[PDB]
Amino acid sequence: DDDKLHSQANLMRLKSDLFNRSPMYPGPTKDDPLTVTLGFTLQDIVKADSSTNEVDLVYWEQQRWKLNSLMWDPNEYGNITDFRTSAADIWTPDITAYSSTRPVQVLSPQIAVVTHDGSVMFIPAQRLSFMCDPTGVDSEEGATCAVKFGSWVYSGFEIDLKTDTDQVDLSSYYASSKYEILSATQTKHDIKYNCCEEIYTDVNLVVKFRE
Amino acid sequence: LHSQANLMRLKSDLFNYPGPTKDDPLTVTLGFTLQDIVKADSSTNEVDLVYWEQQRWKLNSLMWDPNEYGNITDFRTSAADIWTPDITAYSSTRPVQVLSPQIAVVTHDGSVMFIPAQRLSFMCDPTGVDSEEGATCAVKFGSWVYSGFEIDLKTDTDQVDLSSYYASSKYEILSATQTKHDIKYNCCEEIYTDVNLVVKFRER
Amino acid sequence: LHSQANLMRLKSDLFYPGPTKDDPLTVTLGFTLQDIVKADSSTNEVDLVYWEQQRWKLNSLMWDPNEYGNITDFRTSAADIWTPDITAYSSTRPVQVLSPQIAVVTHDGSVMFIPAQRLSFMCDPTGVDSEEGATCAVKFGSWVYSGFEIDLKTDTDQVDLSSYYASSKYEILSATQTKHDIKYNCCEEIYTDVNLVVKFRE
Amino acid sequence: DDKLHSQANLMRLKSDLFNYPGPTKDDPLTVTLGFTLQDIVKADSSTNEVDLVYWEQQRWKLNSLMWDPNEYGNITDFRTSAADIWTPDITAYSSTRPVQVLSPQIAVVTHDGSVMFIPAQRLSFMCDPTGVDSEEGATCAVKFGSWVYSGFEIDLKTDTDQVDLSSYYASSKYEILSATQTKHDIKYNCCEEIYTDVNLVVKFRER
Amino acid sequence: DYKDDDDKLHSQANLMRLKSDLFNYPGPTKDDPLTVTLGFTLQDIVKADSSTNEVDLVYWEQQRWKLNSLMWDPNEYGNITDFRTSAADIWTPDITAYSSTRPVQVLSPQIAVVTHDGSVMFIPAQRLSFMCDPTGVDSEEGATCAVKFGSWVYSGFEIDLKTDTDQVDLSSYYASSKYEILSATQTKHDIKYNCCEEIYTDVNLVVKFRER
Ligand SMILES: CN(C)CCOc1cncc(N2C[C@@H]3CNC[C@@H](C3)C2)c1
Ligand SMILES: CN(C)CCOc1cncc(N2C[C@@H]3CNC[C@@H](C3)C2)c1
Ligand SMILES: CN(C)CCOc1cncc(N2C[C@@H]3CNC[C@@H](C3)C2)c1
Ligand SMILES: CN(C)CCOc1cncc(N2C[C@@H]3CNC[C@@H](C3)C2)c1
């Protein structure tokens, strides 16, 4: 009862200390670059449209980064080791699919988890329409498509993009989807664009699937 | 007149809680009323439900003595002015659509009641819907970022309220249940909790 | 010049927490049915375009026009005053607003708010291709206020059909609007709704 | 250098001017309304909806927005987000979907106090397209007026009764045989007051 | 490494200082016009609908301009040469498509990059339905359609519109699209409208395309 509110007080003090008694992280820079880790969990291939060459994917995008300005010692705060916060209240990376054909639709609350070492985990579930030719989807070899994800405005010198893991997480894939996944990989690459001198980094998701 | 000033004073006293923690966990009670299965799509394996999701919780920081506030026992408030649980369907295929105003009722004991009516599109293979046994589909609900140690889910009953179900729907309900379940991953040490909505239905 | 200053003065002087059991509010509801746009026998949704007239009066919005350059009415954004949370109880999509979200406040404290809306709602259209046509119902009322806080009334039980689109695919045989009180399982308090009953055919 | 002084004159103007609550019976307003019909996208005979893209030209004048260009570096016009000023609540009276806005919600103010706001919009409205595959084509109408202001607070006029057809898409699926816009005054059953609208009448057929 | 740590601390401090300095330009005028450079990269023709004569495109729209009020010396700010800002925090040109049939849908974060010389780069990826007759698309010479982009409320005497090439960039065009691009050009034009006396300027995007 009284312990309960002391617990609420500790968490309010921690959020107020982090968000008001110190400047908020303004984003990475060439001199203070930020490593962002990216992982994908494929939940469902909803639809493959061979008349427009678009395919609709439900998936979770795991994003992790780590910030000194979000560190704290649990001993000073009632041994709290995590807290949740609205993703809008903090800096988040601008990860963007580079071949979507519709705005991404958000299916989960936009809430980040901050742990006392300053690491942030943000995992939005989304529905994504992207460019994909499903020719071959009704064959044993299936069809193969790809879509890559990376910052839109930060170079590879500002956001250092990495995959958490080599393997796409298929463990939550909808068993009764119209489409089975034959394989999926996620791979970092560097690339230059015509507009710009600076090098950019993306993670390429390649998926082989079939009916 | 005096009534109105008491209600305003009460809101100011309350409004001028940071979420549940492991040391101060919150019990949120969930209940579903199923109003309609609008549509079942066998080309994409998506089914569309209209339901009311009853949510209830209780916070010491929302309690007040009615005697000190004109004997006021409830008030209405925008869901955006108070903390609310992040209950999410775990297998929707479209953003859930809200069909009712985003207003909660707070009662003097600190209990909150919030009942959004929603249209949900979710992952469901409707094969067998045109047979006697129908099709069977399932969708889990629970917090997106809180574990069973911060947000404790429960139901008052395993029976989905079917008393309001649209009598001329394309699809009739054969059974609909809502079961709390506690799960442990070996990845992680904490308990996790969801309410599994299982619907058996077939064409009328 | 002097009137603009009066109007600005009036609004600043006026600028209510919503109704309560001690201070209940009567809200008057009426419907003008514009069009039955579409009937979908594959999902049993039907789409209506209608006007929803809402009316209520508040002492805290009363003024004497002679104290304010003889102003008798003004316009305000519906977001700047309390409005009733009238909800369609059997929609299948979020209702789509078709008109500006503005109310008119009159010096006696009455407020008039008339949103034009497009609604999809649960409705089986079998029979629509016959002489007797199909019948469907949709009820409207506060979502969170009991009949002890919002007292729902109509001026008439007949839906205004005088604006009904003469070249709609569907003709209105009849349309009624009726107040009723409802108990729900969740809640001890009684709720009040207006039930819209419409018989229509191709 | 002089360009920095010009930016300061603009900021001074916007600041001064922004230090009007809408029209009333004692201070009414006449809004000029015209339509630039761009395209009939779609006629649906299974619901009797038709989809237009058009430009809706709105023009009004307020003394409180007048200024002398001599005082402000000869600036004659500035731009402002349409949310930061009063704009009329012109509404189609028989749309079946929310109007979709296609152009930026920015208005233009001129030193004589005139305001021009011209949203490009896509509208679905109640229209029976029967006859559109014949030589006579189909005729449909949809009227535009204030929702909440009577003729004595907002009046309308048109500069012409002919709709501007000079931007009409020449490869549309539908060709326009005529398009008029005509002011009327009307009463409704809810309300004592007289409302004003401009009725847009369009005769069209398949190309 | 203690040095390495507060090197990072001072970098963040320099970035916030620079942003505070710059934020603590009201648009162009006839006396102080602004030149905007406009260029398109075409990513995909998604869909051509011959029943409504609408076609859907995914492209990048590159907008560039330069302001003296956005200049700074890096030496005074820890050698910072760029920063990111929400496009809502700065003035941006109201470049609009003139024949869209649906609200244009943005696909990229609404963020601009500002560089120490005062130039701003803003590149929204967009999906667009515009008026287009796809007759011919099932033929060797394909179909030809055009959509023009430019300010909606600023005349050519306020926003001076310019390309820095006539060729639409096709190096990112989706190679497995339903449609192949035969050619794509971007060309500035001036024009007068019935409403208004002032002259307006835009960039016309002409695309010739056919079924793959
Ligand atoms: C030159 N400079 C330092 C300003 C960089 O400003 C930009 C602002 N917005 C988008 C981009 N890009 C657009 C494509 C998609 N994102 C990766 C590439 C190519 C960069 C660049
Ligand atoms: C019990 N109490 C004093 C607080 C009531 O809290 C509520 C909050 N939100 C919605 C409802 N309702 C949902 C259904 C639709 N509306 C009419 C009924 C049934 C009430 C009730
Ligand atoms: C009496 N009085 C001063 C209150 C008028 O307040 C109103 C508020 N909202 C809408 C309307 N109307 C809606 C329909 C469409 N517009 C013209 C008619 C019919 C009026 C009137
Ligand atoms: C005359 N004057 C100084 C006020 C001009 O104010 C305007 C405000 N909003 C839009 C426009 N236009 C709309 C069409 C699209 N853009 C090019 C033309 C035609 C201008 C003009």
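Heads up: the structure comes first, above all this text.
As a convention, residue numbering begins from 1 on each chain and follows the written sequence, not necessarily the numbering found in the entry; residues with no coordinates do not appear. The naming scheme follows written order: chains are lettered A onward, ligands numbered 1 onward. Values shown for side chains rest on all heavy atoms present in the structure; no hydrogens or waters enter the calculation. Residues with missing side-chain atoms are left out of burial classes, side-chain pairs and their counts.

1. A closer look at the overall build of chain B
Quick reminder of the rule: Secondary structure elements follow DSSP: runs of H or I of four or more residues count as helices, runs of E of two or more count as strands, with numbering from the N terminus.
In terms of regular secondary structure, chain B is built from 1 helix and 12 strands. Beginning at the N terminus, the succession of helices and strands in chain B can be written as α-β-β-β-β-β-β-β-β-β-β-β-β. Counting only C-alpha atoms and orienting by the principal axes, one finds that chain B spans roughly 60 × 45 × 25 Å.

2. Quick notes on the site of ligand 2
Defined as follows: Here a residue is considered near a molecule or strand provided that any single heavy atom belonging to it is located within 4 Å of it. Two N or O atoms count as a polar contact when they lie within 3.5 Å, although within protein this holds only if one can serve as hydrogen donor and the other as acceptor, and sequence-adjacent residues are included solely when both atoms are side-chain atoms. Surface exposure here means Shrake-Rupley accessible area, sampled with a 1.4 Å probe, where a residue is shielded only by the protein chains that are shown. Amino acids are sorted into nonpolar (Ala, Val, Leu, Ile, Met, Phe, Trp, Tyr, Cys and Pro), charged (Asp, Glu, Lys and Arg) and polar (every other residue, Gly among them).
Around ligand 2 sit B:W52, B:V105, B:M113, B:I115, C:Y89, C:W143, C:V144, C:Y184, C:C186, C:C187, C:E189 and C:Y191, and that is every residue in its neighbourhood. Surrounding ligand 2 is a set of residues that belongs to chains B and C. Within the backbone of C:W143, a nitrogen or oxygen atom sits 3.0 Å from a nitrogen atom of ligand 2. Within the side chain of C:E189, an N or O atom sits 2.9 Å from a nitrogen atom of ligand 2. Alone, ligand 2 offers 490 Å² of accessible surface; in the complex the protein occludes 96% of this. When the residues that make up the shell around ligand 2 are grouped by side-chain class, the tally is 11 nonpolar, no polar and 1 charged.

3. Points about the interface of chain A and chain E
Counted only if it meets this: In what follows, residue pairs with any heavy atoms lying within 4.5 Å of each other are defined as contacts.
In this complex, chain A contributes 33 residues to the contact, which on the side of chain E involves 31 residues. Partitioning the side of chain A that touches chain E into residue classes produces 15 nonpolar, 11 polar and 7 charged.

4. A closer look at the sheet that holds strand β12 (residues 191–203) of chain B
Residue and element names in this part refer to chain B. Cut-off, in case you're wondering: At least two DSSP bridges between two strands are required for those strands to pair. Orientation is described by axes fitted as lines to C-alpha atoms, over the contacting stretch for helices, and by angles from 0 to 180 degrees between their N-to-C directions.
Here we have 4 strands laid out as an open sheet, ordered β4-β9-β12-β11, and antiparallel in their pairing. The outermost strands of the open sheet, each flanked by one partner alone, are β4 (87–89) and β11 (171–184). Neighbour-to-neighbour, the strand axes of this sheet turn through a mean angle of 25°, independent of strand direction. Both strand β9 (residues 135–143) and β12 contribute to a ladder of 7 bridges, which runs antiparallel. Bridging across to β12, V139 finds its partner in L197.

5. Regarding the pattern of salt bridges
Residues and elements named next belong to chain A. Heads up, the rule is: Any carboxyl oxygen of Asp or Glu within 4 Å of a side-chain nitrogen of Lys or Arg constitutes a salt bridge here. Only protein chains enter the accessibility calculation, which uses a 1.4 Å probe. A residue is then buried if its area is under 20% of the maximum for its type, exposed if over 50%, and partly exposed in between.
Counted by the stated rule, this structure contains 34 salt bridges over all chains. A salt bridge links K148 to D202; its shortest N-O distance comes to 3.1 Å. Of this pair, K148 sits in strand β9 (residues 143–151) while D202 sits in strand β12 (residues 199–210); the two residues are 54 residues apart in sequence, bridging distant segments of the chain. Residue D202 is classed as buried on the basis of its relative accessible area, which comes to 4%.

6. Focus on the side chain of E:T85
With respect to the secondary-structure elements, E:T85 resides in strand β3 (residues 82–86). Non-local contacts of E:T85, meaning those with residues more than four positions away in its chain, are made with E:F23, E:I90, E:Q110, E:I111, E:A112 and E:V114.

7. A few points about the packing of aromatic side chains
Rules: When two rings of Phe, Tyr or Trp (its six-membered ring) have centres within 6.5 Å they constitute a pair, described as stacked for plane angles under 30 degrees, edge-to-face for angles over 60, and tilted for the intermediate range. Working rule: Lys NZ or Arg CZ, within 6 Å of ring centre, within 35 degrees of ring normal, means a charge sits over the ring.
For the structure on display, the rule yields 72 aromatic pairs over all chains. An aromatic cluster of three or more residues is present, and its members are A:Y98, A:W152, A:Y193, A:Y200 and E:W60. In this structure, A:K148 packs its charged tip against the face of A:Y98, placed 5.3 Å from the ring centre. A cation over a ring is seen here: E:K148 above E:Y98, with NZ or CZ 5.3 Å from the ring centre.

8. Here's the deal with the state of the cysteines
Residue and element names in this part refer to chain E. Note the threshold: Only a pair of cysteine sulfur atoms within 2.5 Å qualifies as a disulfide here.
Under the defined criterion, the tally for this structure stands at 10 disulfides over all chains. Between the sulfur of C132 and that of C145 lies a disulfide, 2.0 Å long from S to S. Between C132 and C145, the disulfide has an S-S torsion of 80° and is therefore right-handed. Here the residue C132 occupies a position in the loop between β8 (125–131) and β9 (143–151), and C145 occupies one in strand β9, the gap between them amounting to 13 residues.

9. Thoughts on a nonpolar patch on the surface
Residues and elements named next belong to chain B. Filter applied, for reference: Note on patches: the residues involved have over 30% relative accessible area and no salt bridge, like charges join within 9 Å, and the nonpolar side chains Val, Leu, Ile, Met, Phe, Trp and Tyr join within 5 Å.
A cluster of nonpolar side chains, namely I183, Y185 and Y192, defines an oily patch on the protein surface of about 260 Å² accessible area. Counting through the fold element by element, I183 comes out in strand β11. Overall, the relative accessible area of 31% leaves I183 in the partly exposed class.

10. A word on unusual backbone geometry
The backbone of A:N79 shows a phi angle near 60°, a positive value even though the residue is not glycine. Relative to the elements of secondary structure, A:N79 occurs in the loop between β2 (54–71) and β3 (82–86). Judged by its relative accessible area of 53%, A:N79 is exposed. The backbone of E:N53 shows a phi angle near 50°, a positive value even though the residue is not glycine. With respect to the helices and strands, the residue E:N53 is situated in the loop between β1 (34–49) and β2 (54–71). We classify E:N53 as buried; its relative accessible area is 4%.

11. Section: the interface of chain C and chain D
Each partner contributes residues to the interface: chain C has 29 residues there, and chain D has 29 residues. Secondary structure elements with two or more residues in the side of chain C that touches chain D: α1 (2–14), β1 (25–40), β2 (45–62), β5 (96–97), β6 (102–106) and β8 (116–122) of chain C. Counted by class, the side of chain C that touches chain D contains 14 nonpolar, 9 polar and 6 charged residues.

12. What about the site of ligand 3?
Looking at ligand 3, there are 13 residues lining it, with C:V104, D:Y93, D:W147, D:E193 and D:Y195 nearest. Mapping the residues near ligand 3 onto chains gives chains C and D. Between ligand 3 and D:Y93, the relevant distance is 3.0 Å, taken from a nitrogen atom to a side-chain nitrogen or oxygen of the residue. Separating a nitrogen atom of ligand 3 from a side-chain N or O atom of D:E193 is a distance of 3.2 Å. Coverage of ligand 3 by the protein amounts to 94% of the 490 Å² it exposes when considered alone. Looking at the shell around ligand 3 element by element, the count peaks at 3 residues for strand β12 (residues 191–206) of chain D.

13. With respect to the pairing of β8(C)
Residue and element names in this part refer to chain C. Counting buried positions along β8 gives 7 out of 7 residues, so the element sits mostly inside the fold. Along β8, one buried face is formed by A116, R118, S120 and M122 and the opposite face, lined by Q117, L119 and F121, is buried too. For β2 and β8, the ladder comprises 7 bridges, and the chain directions are antiparallel. Paired with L48 across the strands is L119, a residue of β8. As paired elements, β5 and β8 share 2 bridges and run antiparallel to each other. Across the sheet, the residue bridging to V97 is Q117, located in β8.

14. Considering the sheet that holds β12(A)
Residues and elements named next belong to chain A. Reading across from one edge, β4-β9-β12-β11 is the order of the 4 strands in this open sheet, with antiparallel pairing throughout. Edge positions in the open sheet fall to β4 (95–97) and β11 (180–192), since each of these has one partner strand only. Taking the axes of each pair of neighbouring strands and ignoring which way they run, one obtains an average angle of 25° across the sheet. Inspection of the sheet shows β9 paired to β12 by 8 bridges, in the antiparallel sense. Looking at β12, one finds that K148 is bridged to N204.

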